[PDB]
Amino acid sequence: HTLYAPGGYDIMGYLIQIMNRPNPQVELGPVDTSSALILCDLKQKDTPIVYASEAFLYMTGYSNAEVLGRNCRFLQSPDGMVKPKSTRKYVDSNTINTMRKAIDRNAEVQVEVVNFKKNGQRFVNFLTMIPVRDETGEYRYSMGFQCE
């Protein structure tokens, strides 16, 4: 039962924040909303997607209604059914654990993970996740950049 900020999210402000961060642990280069990206809420149950760019929806074949409010791990199965803590049968366990720990620590991370589109099409996702600070100054969200 994820809640969404009425009035939307400051996606542009966050992209600006990310490109201006002082100690980047991963180079991303210039980024904008023309690419596949998602913002998840670190402070809500199971760090749910609260925003997805059209590029992301087009890439994965899923609609807004189908991704919002869910933890993005569903992409790890061709049937979009992935329970938390479960042992994936098509994805590297170490990879999933790497994402998990980085996110838990607000640490930037970049990985290549196997994902599946809504029609079951397998693909390699070059994923980068960067923690984002909201108006309070503390990390509240995480922005993911997906690349096929």
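Don't overthink the numbering: it's just position in the shown sequence, from 1.
A.B. asks: Out of 43-51 and 78-86, which one has CA B-factors that are higher on average in the deposited record?
C.D. replies: Mean CA B-factor is higher for 78-86.
A.B. asks: Per the PDB record, is the mean Cα temperature factor higher over 66-74 or over 90-98?
C.D. replies: Higher of the two, by average CA B-factor, is 90-98.
A.B. asks: Report the third (lowest, middle or highest) to which the CA temperature factor of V26 belongs, ranking only the modelled residues of the same chain.
C.D. replies: Ranked within chain, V26 CA B lands in the highest tercile.
A.B. asks: Taking the values exactly as deposited, rank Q110 by C-alpha B-factor within its chain and report the matching third: lowest, middle or highest.
C.D. replies: It falls in the middle third of the chain.
A.B. asks: Which third, lowest, middle or highest, does the CA B-factor of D10 fall in along this chain?
C.D. replies: For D10, the deposited C-alpha B-factor lands in the lowest third.
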